[PDB]
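The next block is structure05.pdb, given as PDB, C-alpha atoms.
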ATOM      1  CA  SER A   1     108.530 116.869 106.827
ATOM      2  CA  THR A   2     109.808 114.438 104.225
ATOM      3  CA  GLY A   3     112.006 111.347 104.058
ATOM      4  CA  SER A   4     114.039 109.764 101.281
ATOM      5  CA  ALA A   5     115.748 106.374 101.474
ATOM      6  CA  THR A   6     117.521 104.204  98.944
ATOM      7  CA  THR A   7     116.176 100.690  98.431
ATOM      8  CA  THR A   8     118.530  97.956  97.175
ATOM      9  CA  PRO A   9     117.830  94.552  95.594
ATOM     10  CA  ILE A  10     118.755  91.660  97.884
ATOM     11  CA  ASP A  11     120.163  89.525  95.062
ATOM     12  CA  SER A  12     120.868  89.384  91.324
ATOM     13  CA  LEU A  13     117.235  88.554  90.488
ATOM     14  CA  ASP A  14     115.603  91.490  92.302
ATOM     15  CA  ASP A  15     113.761  88.961  94.472
ATOM     16  CA  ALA A  16     113.073  91.712  97.012
ATOM     17  CA  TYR A  17     114.414  95.107  98.047
ATOM     18  CA  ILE A  18     115.804  96.245 101.396
ATOM     19  CA  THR A  19     115.772  99.742 102.836
ATOM     20  CA  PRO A  20     117.714 100.815 105.940
ATOM     21  CA  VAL A  21     115.554 101.845 108.897
ATOM     22  CA  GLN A  22     116.725 103.385 112.176
ATOM     23  CA  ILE A  23     114.970 102.017 115.266
ATOM     24  CA  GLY A  24     115.491 103.112 118.854
ATOM     25  CA  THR A  25     117.915 105.301 120.764
ATOM     26  CA  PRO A  26     120.791 105.132 120.025
ATOM     27  CA  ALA A  27     119.777 104.076 116.523
ATOM     28  CA  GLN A  28     119.779 100.409 115.577
ATOM     29  CA  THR A  29     119.796 100.176 111.768
ATOM     30  CA  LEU A  30     117.942  97.209 110.301
ATOM     31  CA  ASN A  31     117.378  96.485 106.612
ATOM     32  CA  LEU A  32     113.653  96.069 106.097
ATOM     33  CA  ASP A  33     111.505  94.876 103.201
ATOM     34  CA  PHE A  34     109.018  97.677 102.507
ATOM     35  CA  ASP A  35     105.756  95.922 101.691
ATOM     36  CA  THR A  36     102.773  97.810 100.273
ATOM     37  CA  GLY A  37     100.810  94.534 100.547
ATOM     38  CA  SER A  38     100.862  94.267 104.355
ATOM     39  CA  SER A  39     100.576  96.499 107.389
ATOM     40  CA  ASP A  40     102.909  95.212 110.122
ATOM     41  CA  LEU A  41     106.370  96.592 110.917
ATOM     42  CA  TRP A  42     108.105  93.546 112.383
ATOM     43  CA  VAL A  43     111.746  92.786 113.062
ATOM     44  CA  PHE A  44     114.128  90.035 113.956
ATOM     45  CA  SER A  45     115.004  90.755 117.567
ATOM     46  CA  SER A  46     116.720  89.652 120.769
ATOM     47  CA  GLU A  47     113.476  87.726 121.426
ATOM     48  CA  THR A  48     113.583  85.682 118.208
ATOM     49  CA  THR A  49     114.042  81.932 118.769
ATOM     50  CA  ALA A  50     117.806  81.517 118.377
ATOM     51  CA  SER A  51     117.648  78.586 115.933
ATOM     52  CA  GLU A  52     115.489  80.740 113.625
ATOM     53  CA  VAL A  53     118.104  83.499 113.321
ATOM     54  CA  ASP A  54     120.799  83.012 110.676
ATOM     55  CA  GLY A  55     122.739  86.161 109.861
ATOM     56  CA  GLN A  56     120.041  88.821 110.310
ATOM     57  CA  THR A  57     120.655  91.998 112.278
ATOM     58  CA  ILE A  58     118.408  92.033 115.340
ATOM     59  CA  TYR A  59     116.612  94.777 117.234
ATOM     60  CA  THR A  60     117.361  94.685 120.965
ATOM     61  CA  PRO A  61     114.748  96.752 122.776
ATOM     62  CA  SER A  62     116.631  96.557 126.093
ATOM     63  CA  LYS A  63     119.411  98.622 124.482
ATOM     64  CA  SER A  64     117.029 101.392 123.387
ATOM     65  CA  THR A  65     116.276 104.147 125.880
ATOM     66  CA  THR A  66     113.041 104.972 124.016
ATOM     67  CA  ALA A  67     111.641 101.413 123.755
ATOM     68  CA  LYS A  68     108.559 100.541 125.790
ATOM     69  CA  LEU A  69     106.737  97.229 125.924
ATOM     70  CA  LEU A  70     103.201  97.569 124.563
ATOM     71  CA  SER A  71     101.836  95.492 127.382
ATOM     72  CA  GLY A  72      99.598  92.576 126.396
ATOM     73  CA  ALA A  73      99.904  93.150 122.655
ATOM     74  CA  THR A  74     100.721  90.242 120.365
ATOM     75  CA  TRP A  75     100.855  89.798 116.609
ATOM     76  CA  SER A  76     100.813  86.962 114.093
ATOM     77  CA  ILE A  77     100.883  87.204 110.313
ATOM     78  CA  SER A  78     100.763  84.853 107.363
ATOM     79  CA  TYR A  79     101.783  86.006 103.899
ATOM     80  CA  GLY A  80     100.612  84.905 100.455
ATOM     81  CA  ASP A  81     103.717  82.787  99.936
ATOM     82  CA  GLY A  82     102.925  80.724 103.037
ATOM     83  CA  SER A  83     105.565  82.356 105.214
ATOM     84  CA  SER A  84     104.735  83.651 108.674
ATOM     85  CA  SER A  85     105.977  85.288 111.856
ATOM     86  CA  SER A  86     104.643  86.232 115.283
ATOM     87  CA  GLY A  87     105.599  87.819 118.574
ATOM     88  CA  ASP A  88     105.035  90.737 120.930
ATOM     89  CA  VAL A  89     105.219  94.509 120.527
ATOM     90  CA  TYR A  90     107.252  97.517 121.607
ATOM     91  CA  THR A  91     106.773 101.157 120.806
ATOM     92  CA  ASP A  92     109.919 103.021 119.800
ATOM     93  CA  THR A  93     111.231 105.826 117.603
ATOM     94  CA  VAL A  94     111.566 104.818 113.953
ATOM     95  CA  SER A  95     113.235 106.847 111.220
ATOM     96  CA  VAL A  96     113.271 106.253 107.470
ATOM     97  CA  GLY A  97     115.422 108.430 105.285
ATOM     98  CA  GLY A  98     115.432 111.279 107.804
ATOM     99  CA  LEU A  99     111.695 111.106 108.593
ATOM    100  CA  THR A 100     111.049 110.256 112.239
ATOM    101  CA  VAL A 101     107.965 108.773 113.903
ATOM    102  CA  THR A 102     107.803 108.530 117.671
ATOM    103  CA  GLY A 103     105.670 105.855 119.318
ATOM    104  CA  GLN A 104     105.739 103.514 116.311
ATOM    105  CA  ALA A 105     104.641  99.936 116.987
ATOM    106  CA  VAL A 106     107.689  97.747 116.395
ATOM    107  CA  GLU A 107     106.584  94.132 116.332
ATOM    108  CA  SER A 108     109.309  91.912 117.789
ATOM    109  CA  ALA A 109     109.409  88.411 116.340
ATOM    110  CA  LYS A 110     109.501  85.485 118.713
ATOM    111  CA  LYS A 111     109.055  83.042 115.811
ATOM    112  CA  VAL A 112     109.635  83.260 112.058
ATOM    113  CA  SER A 113     109.099  80.650 109.362
ATOM    114  CA  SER A 114     111.931  79.015 107.465
ATOM    115  CA  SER A 115     111.851  81.336 104.458
ATOM    116  CA  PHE A 116     112.630  84.289 106.726
ATOM    117  CA  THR A 117     115.409  82.449 108.556
ATOM    118  CA  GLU A 118     116.958  81.410 105.249
ATOM    119  CA  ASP A 119     117.055  84.979 103.957
ATOM    120  CA  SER A 120     119.931  86.583 105.849
ATOM    121  CA  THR A 121     119.530  89.887 104.001
ATOM    122  CA  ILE A 122     116.062  90.765 105.310
ATOM    123  CA  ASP A 123     115.890  91.898 108.944
ATOM    124  CA  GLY A 124     112.097  92.371 108.923
ATOM    125  CA  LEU A 125     109.215  93.986 107.066
ATOM    126  CA  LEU A 126     107.790  97.487 107.046
ATOM    127  CA  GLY A 127     104.157  97.365 105.973
ATOM    128  CA  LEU A 128     102.689 100.148 103.860
ATOM    129  CA  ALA A 129      99.189  98.863 103.103
ATOM    130  CA  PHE A 130      96.220 100.239 105.059
ATOM    131  CA  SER A 131      96.295  99.993 108.856
ATOM    132  CA  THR A 132      93.060  97.972 108.848
ATOM    133  CA  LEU A 133      95.234  94.947 107.933
ATOM    134  CA  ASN A 134      97.553  95.338 110.924
ATOM    135  CA  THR A 135      97.600  92.119 112.990
ATOM    136  CA  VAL A 136      98.335  93.463 116.488
ATOM    137  CA  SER A 137      95.803  92.286 119.076
ATOM    138  CA  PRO A 138      93.889  93.372 121.079
ATOM    139  CA  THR A 139      94.676  96.935 119.969
ATOM    140  CA  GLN A 140      95.357  97.289 116.260
ATOM    141  CA  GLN A 141      98.334  99.493 115.401
ATOM    142  CA  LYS A 142      99.067 102.016 112.671
ATOM    143  CA  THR A 143     101.647 101.724 109.943
ATOM    144  CA  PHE A 144     104.708 103.949 109.772
ATOM    145  CA  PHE A 145     103.056 105.878 106.912
ATOM    146  CA  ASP A 146      99.797 106.347 108.814
ATOM    147  CA  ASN A 147     101.702 107.668 111.830
ATOM    148  CA  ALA A 148     103.873 109.951 109.691
ATOM    149  CA  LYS A 149     101.050 111.282 107.524
ATOM    150  CA  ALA A 150     100.012 114.351 109.496
ATOM    151  CA  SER A 151     103.610 115.606 109.639
ATOM    152  CA  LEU A 152     104.304 115.061 105.930
ATOM    153  CA  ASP A 153     104.364 117.950 103.468
ATOM    154  CA  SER A 154     101.973 115.908 101.305
ATOM    155  CA  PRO A 155     100.226 112.666 102.367
ATOM    156  CA  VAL A 156     102.046 110.447  99.897
ATOM    157  CA  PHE A 157     104.896 108.056  99.463
ATOM    158  CA  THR A 158     106.513 106.952  96.211
ATOM    159  CA  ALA A 159     108.159 103.726  95.088
ATOM    160  CA  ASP A 160     110.885 103.936  92.461
ATOM    161  CA  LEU A 161     112.289 100.416  92.261
ATOM    162  CA  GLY A 162     115.335  99.652  90.140
ATOM    163  CA  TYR A 163     115.934  96.871  87.659
ATOM    164  CA  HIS A 164     119.126  95.215  88.874
ATOM    165  CA  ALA A 165     119.938  98.510  90.568
ATOM    166  CA  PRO A 166     119.083 100.563  93.647
ATOM    167  CA  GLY A 167     116.016 102.771  93.727
ATOM    168  CA  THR A 168     114.212 105.067  96.135
ATOM    169  CA  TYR A 169     111.310 105.312  98.580
ATOM    170  CA  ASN A 170     110.273 108.928  99.232
ATOM    171  CA  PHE A 171     107.803 110.098 101.876
ATOM    172  CA  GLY A 172     105.927 113.362 101.747
ATOM    173  CA  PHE A 173     106.879 114.645  98.287
ATOM    174  CA  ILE A 174     106.864 113.732  94.611
ATOM    175  CA  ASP A 175     110.315 114.033  92.990
ATOM    176  CA  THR A 176     109.484 115.515  89.602
ATOM    177  CA  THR A 177     112.988 114.657  88.348
ATOM    178  CA  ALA A 178     112.454 110.913  88.928
ATOM    179  CA  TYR A 179     110.017 110.224  86.084
ATOM    180  CA  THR A 180     109.348 111.147  82.478
ATOM    181  CA  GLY A 181     106.128 112.538  81.027
ATOM    182  CA  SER A 182     103.132 112.873  83.310
ATOM    183  CA  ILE A 183     101.764 110.837  86.219
ATOM    184  CA  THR A 184      98.434 109.132  85.553
ATOM    185  CA  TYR A 185      96.311 108.668  88.662
ATOM    186  CA  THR A 186      93.730 105.941  89.116
ATOM    187  CA  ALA A 187      91.158 105.158  91.805
ATOM    188  CA  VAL A 188      91.927 102.940  94.783
ATOM    189  CA  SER A 189      89.591 100.713  96.761
ATOM    190  CA  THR A 190      90.591 100.183 100.393
ATOM    191  CA  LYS A 191      87.829  97.611 100.973
ATOM    192  CA  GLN A 192      90.320  94.749 101.366
ATOM    193  CA  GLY A 193      93.012  96.892 103.011
ATOM    194  CA  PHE A 194      95.257  96.948  99.941
ATOM    195  CA  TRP A 195      96.279  99.499  97.343
ATOM    196  CA  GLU A 196      93.706  97.930  95.039
ATOM    197  CA  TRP A 197      93.067  99.419  91.604
ATOM    198  CA  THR A 198      91.823  98.451  88.126
ATOM    199  CA  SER A 199      94.139  98.309  85.150
ATOM    200  CA  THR A 200      92.521  99.135  81.825
ATOM    201  CA  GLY A 201      94.129  96.308  79.840
ATOM    202  CA  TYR A 202      97.287  94.860  78.377
ATOM    203  CA  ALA A 203      99.392  94.159  75.329
ATOM    204  CA  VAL A 204     101.971  91.469  74.591
ATOM    205  CA  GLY A 205     105.080  92.674  72.805
ATOM    206  CA  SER A 206     104.193  94.780  69.781
ATOM    207  CA  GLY A 207     100.661  93.359  69.711
ATOM    208  CA  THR A 208      97.420  95.277  69.861
ATOM    209  CA  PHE A 209      96.188  96.553  73.211
ATOM    210  CA  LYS A 210      93.327  94.566  74.739
ATOM    211  CA  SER A 211      90.943  96.792  76.658
ATOM    212  CA  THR A 212      89.799  94.834  79.698
ATOM    213  CA  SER A 213      89.433  95.640  83.394
ATOM    214  CA  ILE A 214      91.963  93.881  85.631
ATOM    215  CA  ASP A 215      91.471  94.460  89.357
ATOM    216  CA  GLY A 216      94.655  93.956  91.379
ATOM    217  CA  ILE A 217      96.942  95.255  94.090
ATOM    218  CA  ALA A 218     100.142  97.272  93.951
ATOM    219  CA  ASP A 219     102.417  95.115  96.101
ATOM    220  CA  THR A 220     106.100  95.957  96.544
ATOM    221  CA  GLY A 221     106.483  92.862  98.746
ATOM    222  CA  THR A 222     105.661  90.417  95.935
ATOM    223  CA  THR A 223     108.396  89.674  93.407
ATOM    224  CA  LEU A 224     106.377  88.740  90.330
ATOM    225  CA  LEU A 225     103.379  89.882  88.279
ATOM    226  CA  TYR A 226     100.330  87.648  88.894
ATOM    227  CA  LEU A 227      97.477  88.070  86.413
ATOM    228  CA  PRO A 228      94.438  86.109  85.168
ATOM    229  CA  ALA A 229      95.170  82.844  83.426
ATOM    230  CA  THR A 230      93.798  84.163  80.114
ATOM    231  CA  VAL A 231      96.262  87.075  80.111
ATOM    232  CA  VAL A 232      99.227  84.959  81.196
ATOM    233  CA  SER A 233      98.509  82.297  78.570
ATOM    234  CA  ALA A 234      98.374  84.994  75.876
ATOM    235  CA  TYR A 235     101.782  86.256  77.003
ATOM    236  CA  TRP A 236     103.608  82.921  77.141
ATOM    237  CA  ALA A 237     102.062  81.752  73.854
ATOM    238  CA  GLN A 238     104.433  84.276  72.228
ATOM    239  CA  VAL A 239     107.527  82.524  73.620
ATOM    240  CA  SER A 240     108.608  79.383  71.751
ATOM    241  CA  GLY A 241     108.835  76.422  74.104
ATOM    242  CA  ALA A 242     107.216  78.148  77.085
ATOM    243  CA  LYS A 243     104.880  76.027  79.189
ATOM    244  CA  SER A 244     103.285  75.841  82.592
ATOM    245  CA  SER A 245     105.017  73.239  84.748
ATOM    246  CA  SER A 246     103.157  71.920  87.779
ATOM    247  CA  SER A 247     106.418  70.358  89.007
ATOM    248  CA  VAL A 248     108.233  73.706  88.974
ATOM    249  CA  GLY A 249     105.205  75.725  90.060
ATOM    250  CA  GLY A 250     104.493  77.997  87.102
ATOM    251  CA  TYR A 251     105.475  79.042  83.628
ATOM    252  CA  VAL A 252     108.974  78.227  82.474
ATOM    253  CA  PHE A 253     110.654  79.012  79.184
ATOM    254  CA  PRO A 254     113.845  78.088  77.330
ATOM    255  CA  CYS A 255     116.735  80.169  78.623
ATOM    256  CA  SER A 256     117.682  80.744  74.964
ATOM    257  CA  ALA A 257     114.493  82.782  74.368
ATOM    258  CA  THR A 258     114.175  86.510  73.881
ATOM    259  CA  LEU A 259     111.133  87.574  75.879
ATOM    260  CA  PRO A 260     108.562  90.061  74.590
ATOM    261  CA  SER A 261     107.626  93.123  76.586
ATOM    262  CA  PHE A 262     104.329  93.328  78.476
ATOM    263  CA  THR A 263     102.258  96.509  78.605
ATOM    264  CA  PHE A 264      99.612  97.299  81.210
ATOM    265  CA  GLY A 265      97.093 100.124  81.150
ATOM    266  CA  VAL A 266      96.628 102.835  83.740
ATOM    267  CA  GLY A 267      93.652 104.802  82.507
ATOM    268  CA  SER A 268      94.614 105.910  78.997
ATOM    269  CA  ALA A 269      98.324 105.604  79.869
ATOM    270  CA  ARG A 270     100.511 102.592  79.207
ATOM    271  CA  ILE A 271     103.393 101.175  81.274
ATOM    272  CA  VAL A 272     105.785  98.915  79.355
ATOM    273  CA  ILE A 273     107.623  96.149  81.178
ATOM    274  CA  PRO A 274     110.692  95.220  79.080
ATOM    275  CA  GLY A 275     111.094  91.531  78.293
ATOM    276  CA  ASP A 276     114.303  91.317  80.294
ATOM    277  CA  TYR A 277     112.389  92.200  83.481
ATOM    278  CA  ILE A 278     110.331  89.014  82.991
ATOM    279  CA  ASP A 279     113.371  86.693  83.050
ATOM    280  CA  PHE A 280     113.962  85.152  86.480
ATOM    281  CA  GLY A 281     116.740  82.893  85.346
ATOM    282  CA  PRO A 282     117.412  79.169  85.582
ATOM    283  CA  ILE A 283     114.979  77.186  87.716
ATOM    284  CA  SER A 284     118.001  75.550  89.388
ATOM    285  CA  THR A 285     121.685  76.272  88.994
ATOM    286  CA  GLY A 286     122.875  75.368  85.509
ATOM    287  CA  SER A 287     119.437  74.568  84.116
ATOM    288  CA  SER A 288     118.431  75.650  80.629
ATOM    289  CA  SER A 289     114.824  76.078  81.816
ATOM    290  CA  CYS A 290     114.179  79.596  83.046
ATOM    291  CA  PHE A 291     111.432  80.828  85.370
ATOM    292  CA  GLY A 292     108.936  83.385  84.134
ATOM    293  CA  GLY A 293     108.188  86.687  85.807
ATOM    294  CA  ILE A 294     104.508  86.751  84.769
ATOM    295  CA  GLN A 295     102.491  83.998  86.424
ATOM    296  CA  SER A 296      98.847  83.079  86.846
ATOM    297  CA  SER A 297      96.908  84.461  89.807
ATOM    298  CA  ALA A 298      94.396  81.606  89.577
ATOM    299  CA  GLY A 299      94.056  80.181  93.072
ATOM    300  CA  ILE A 300      95.657  83.217  94.748
ATOM    301  CA  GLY A 301      92.294  84.917  94.664
ATOM    302  CA  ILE A 302      93.721  88.306  93.676
ATOM    303  CA  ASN A 303      95.825  89.763  90.882
ATOM    304  CA  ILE A 304      99.135  91.206  92.079
ATOM    305  CA  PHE A 305     101.153  93.960  90.434
ATOM    306  CA  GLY A 306     104.389  92.996  92.153
ATOM    307  CA  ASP A 307     107.928  94.217  91.644
ATOM    308  CA  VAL A 308     108.141  93.046  87.999
ATOM    309  CA  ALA A 309     105.433  95.563  87.141
ATOM    310  CA  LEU A 310     106.161  98.289  89.652
ATOM    311  CA  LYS A 311     109.853  98.592  88.843
ATOM    312  CA  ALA A 312     108.907  99.617  85.281
ATOM    313  CA  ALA A 313     107.261 102.764  86.720
ATOM    314  CA  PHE A 314     107.497 105.621  89.154
ATOM    315  CA  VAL A 315     104.581 104.842  91.485
ATOM    316  CA  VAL A 316     102.748 107.313  93.740
ATOM    317  CA  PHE A 317     100.830 105.959  96.731
ATOM    318  CA  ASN A 318      98.530 108.857  97.522
ATOM    319  CA  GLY A 319      97.164 108.521 101.059
ATOM    320  CA  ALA A 320      94.903 111.552 100.979
ATOM    321  CA  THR A 321      91.348 111.255 102.279
ATOM    322  CA  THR A 322      90.407 109.716  98.940
ATOM    323  CA  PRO A 323      93.418 107.513  98.163
ATOM    324  CA  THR A 324      94.689 107.061  94.637
ATOM    325  CA  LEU A 325      97.628 105.477  92.829
ATOM    326  CA  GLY A 326      99.746 107.237  90.233
ATOM    327  CA  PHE A 327     101.987 105.705  87.589
ATOM    328  CA  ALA A 328     104.564 107.373  85.350
ATOM    329  CA  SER A 329     107.161 106.033  83.000
ATOM    330  CA  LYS A 330     110.799 106.639  83.925
TER     331      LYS A 330
END
Would it be possible to restate this file's structure as structure tokens?
Amino acid sequence: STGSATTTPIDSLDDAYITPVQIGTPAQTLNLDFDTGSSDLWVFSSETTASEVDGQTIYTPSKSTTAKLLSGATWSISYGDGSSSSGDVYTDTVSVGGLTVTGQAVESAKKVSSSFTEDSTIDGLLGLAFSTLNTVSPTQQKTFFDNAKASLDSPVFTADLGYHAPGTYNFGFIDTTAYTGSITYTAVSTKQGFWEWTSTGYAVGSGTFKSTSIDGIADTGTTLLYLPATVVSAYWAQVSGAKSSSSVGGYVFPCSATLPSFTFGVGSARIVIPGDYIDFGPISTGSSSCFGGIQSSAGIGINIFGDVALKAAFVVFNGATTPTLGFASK
């Protein structure tokens, strides 16, 4: 089997991407944030505290003939941005882009933090990291991908995120028309439960490539590119007037600037992030200070190849017995 679903930016900045997911019988379609940096499939629901729901579409398990309470199971998750959610668990039928899993754990939110409430476009998350990070207790649950894997033509999914445009998540096949050149594969460590890999270095604009190992995660659920302070300083030093602002919470730059590209290494291959992808616009409406899309990972504890980086590539998440990550230009 295979699946193929279009993923759409939630706003004009590509802050996140939503993908329609069918849950239950008859289908309830919710728009979920596919997150390769976490491993819970959770939804706004008929159980979510009413004051914490503001415009989201909810899953109502009582209206699904295939929903079953997973008795005694609870979940609670905290994300790197400080947001969180928690609740109980149903099993139900879940379909993504024509690919169906029966008995998927669907984590029903009883509580969500303010950032979720305030984002009316995101009806929940669909985690695609390794199932060892799943938060369901006392019986840990598998991700949608893990459950689907045995039925898939090939044990893979691909992320093809757009810049200010829709893109695609495919399951079970590699669309050879969706990228240019060849795919370069690189080793993954699952030791921390993430799609963790080591970039071979970077360049700023037309500058020389610096060969240096940068361990980080491929994380579709993080907007920006978070890298070591040394690397980030070298990038922003090439932008007149750019500076790190503790008041704003990162690097800012004059909105009048033209940003240089940023290149990262994947083995001997190179992925180029155009400068425009690094512009996240005014820090507040009407400001002439703009927020940068490359930020320091210092104090996160991990480097994160978020959407800024991933959307510059066609990315293969290979979930074979020995997992790997592939990157191609597109």
I need the residue set behind the PyMOL selection byres ((chain A and resi 140-149) around 7) for this file; please write it as a compact mmCIF listing (two decimals) with C-alpha atoms, in the frame of the given file.
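Saved the output as expr27.txt:
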# COMPACT_ATOMS: atom_id res chain seq x y z
CA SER A 39 100.58 96.50 107.39
CA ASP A 40 102.91 95.21 110.12
CA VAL A 101 107.96 108.77 113.90
CA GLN A 104 105.74 103.51 116.31
CA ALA A 105 104.64 99.94 116.99
CA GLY A 127 104.16 97.36 105.97
CA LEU A 128 102.69 100.15 103.86
CA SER A 131 96.30 99.99 108.86
CA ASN A 134 97.55 95.34 110.92
CA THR A 135 97.60 92.12 112.99
CA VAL A 136 98.34 93.46 116.49
CA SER A 137 95.80 92.29 119.08
CA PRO A 138 93.89 93.37 121.08
CA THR A 139 94.68 96.94 119.97
CA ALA A 150 100.01 114.35 109.50
CA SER A 151 103.61 115.61 109.64
CA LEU A 152 104.30 115.06 105.93
CA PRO A 155 100.23 112.67 102.37
- prompt: What residues come out when you apply the PyMOL selection byres ((chain A and resi 165) around 12) to this file, written as a PyMOL selection string?
  reply: chain A and resi 6-14+16-18+160-164+166-168+311
query: Could you pull the residues within 9 Å of region 280-284 of chain A, counting all atoms listed in the file, minus those fewer than 3 positions along the same chain, as a list in words?
result: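 Listed by chain and then number, they are residues 13, 14, 15, 248, 252, 255, 276, 277, 287, 288, 289, 290, 291, 292 and 293 of chain A.
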Neighbour list for residue 158 (chain A) as a ChimeraX atom specification, cut-off 6 Å, all atoms listed in the file, skip fewer than 5 positions in-chain: /A:169-170,315-317
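The residue set within 12 Å of residue 77 (chain A), counting all atoms listed in the file and dropping same-chain residues fewer than 3 places from it, reads residues 38, 39, 40, 41, 42, 74, 80, 81, 82, 83, 84, 85, 86, 87, 88, 107, 109, 111, 112, 113, 125, 127, 133, 134, 135, 136 and 137 of chain A.
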For the provided coordinates, the residues matched by the PyMOL selection byres ((chain A and resi 56) around 12) should be stated as a compact mmCIF listing (two decimals) with C-alpha atoms, in the coordinates of the input.
# COMPACT_ATOMS: atom_id res chain seq x y z
CA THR A 29 119.80 100.18 111.77
CA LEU A 30 117.94 97.21 110.30
CA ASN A 31 117.38 96.48 106.61
CA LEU A 32 113.65 96.07 106.10
CA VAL A 43 111.75 92.79 113.06
CA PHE A 44 114.13 90.04 113.96
CA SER A 45 115.00 90.76 117.57
CA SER A 46 116.72 89.65 120.77
CA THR A 48 113.58 85.68 118.21
CA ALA A 50 117.81 81.52 118.38
CA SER A 51 117.65 78.59 115.93
CA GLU A 52 115.49 80.74 113.62
CA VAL A 53 118.10 83.50 113.32
CA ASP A 54 120.80 83.01 110.68
CA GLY A 55 122.74 86.16 109.86
CA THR A 57 120.66 92.00 112.28
CA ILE A 58 118.41 92.03 115.34
CA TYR A 59 116.61 94.78 117.23
CA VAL A 112 109.64 83.26 112.06
CA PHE A 116 112.63 84.29 106.73
CA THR A 117 115.41 82.45 108.56
CA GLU A 118 116.96 81.41 105.25
CA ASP A 119 117.06 84.98 103.96
CA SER A 120 119.93 86.58 105.85
CA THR A 121 119.53 89.89 104.00
CA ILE A 122 116.06 90.76 105.31
CA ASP A 123 115.89 91.90 108.94
CA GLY A 124 112.10 92.37 108.92
message: Please compute the CA of residue 62 (chain A)-CA of residue 36 (chain A) distance, one decimal, in Å.
response: 29.3 Å
- request: Could you please determine the separation between CA of residue 229 (chain A) and CA of residue 197 (chain A) in Å, to one decimal place?
  value: 18.6 Å
Would you kindly return, as a compact mmCIF listing (two decimals) with C-alpha atoms, in the frame of the given file, each protein, DNA or RNA residue with an atom no farther than 6 Å from any atom of residue 262 (chain A), considering only C-alpha atoms and excluding same-chain residues fewer than 3 positions away?
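out_17.txt written:
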# COMPACT_ATOMS: atom_id res chain seq x y z
CA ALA A 203 99.39 94.16 75.33
CA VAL A 204 101.97 91.47 74.59
CA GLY A 205 105.08 92.67 72.81
CA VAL A 272 105.78 98.92 79.36
CA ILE A 273 107.62 96.15 81.18
message: Please list as a list in words every residue within 9 Å of residue 330 (chain A), counting all atoms listed in the file and excluding residues in the same chain fewer than 6 positions away.
response: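 The contact residues come out as residues 160, 178, 179, 180, 181, 312, 313 and 314 of chain A.
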Those residues you just picked out, can you put them in a file as an mmCIF file, keeping the file's coordinate frame with C-alpha atoms?
data_model
loop_
_atom_site.group_PDB
_atom_site.id
_atom_site.type_symbol
_atom_site.label_atom_id
_atom_site.label_comp_id
_atom_site.auth_asym_id
_atom_site.auth_seq_id
_atom_site.Cartn_x
_atom_site.Cartn_y
_atom_site.Cartn_z
ATOM 1 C CA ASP A 160 110.885 103.936 92.461
ATOM 2 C CA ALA A 178 112.454 110.913 88.928
ATOM 3 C CA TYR A 179 110.017 110.224 86.084
ATOM 4 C CA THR A 180 109.348 111.147 82.478
ATOM 5 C CA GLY A 181 106.128 112.538 81.027
ATOM 6 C CA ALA A 312 108.907 99.617 85.281
ATOM 7 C CA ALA A 313 107.261 102.764 86.720
ATOM 8 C CA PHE A 314 107.497 105.621 89.154
#
Restore N, CA and C atoms in region 237-247 of chain A and list the result as a tab-separated table (two decimals), in the coordinates of the input.
chain	number	residue	atom	x	y	z
A	237	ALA	N	102.27	82.30	75.19
A	237	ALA	CA	102.06	81.75	73.85
A	237	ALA	C	102.99	82.40	72.84
A	238	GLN	N	103.53	83.58	73.14
A	238	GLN	CA	104.43	84.28	72.23
A	238	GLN	C	105.89	83.92	72.45
A	239	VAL	N	106.17	82.96	73.33
A	239	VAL	CA	107.53	82.52	73.62
A	239	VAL	C	107.65	81.05	73.23
A	240	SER	N	108.44	80.76	72.21
A	240	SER	CA	108.61	79.38	71.75
A	240	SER	C	109.13	78.48	72.86
A	241	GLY	N	108.41	77.40	73.12
A	241	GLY	CA	108.84	76.42	74.10
A	241	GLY	C	108.37	76.71	75.53
A	242	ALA	N	107.70	77.84	75.75
A	242	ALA	CA	107.22	78.15	77.08
A	242	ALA	C	106.04	77.25	77.45
A	243	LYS	N	105.95	76.89	78.72
A	243	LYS	CA	104.88	76.03	79.19
A	243	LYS	C	104.71	76.20	80.67
A	244	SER	N	103.53	75.86	81.16
A	244	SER	CA	103.28	75.84	82.59
A	244	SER	C	103.66	74.47	83.13
A	245	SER	N	104.53	74.46	84.13
A	245	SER	CA	105.02	73.24	84.75
A	245	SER	C	104.49	73.12	86.18
A	246	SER	N	103.67	72.12	86.43
A	246	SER	CA	103.16	71.92	87.78
A	246	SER	C	104.29	71.50	88.72
A	247	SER	N	105.29	70.80	88.19
A	247	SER	CA	106.42	70.36	89.01
A	247	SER	C	107.26	71.55	89.48
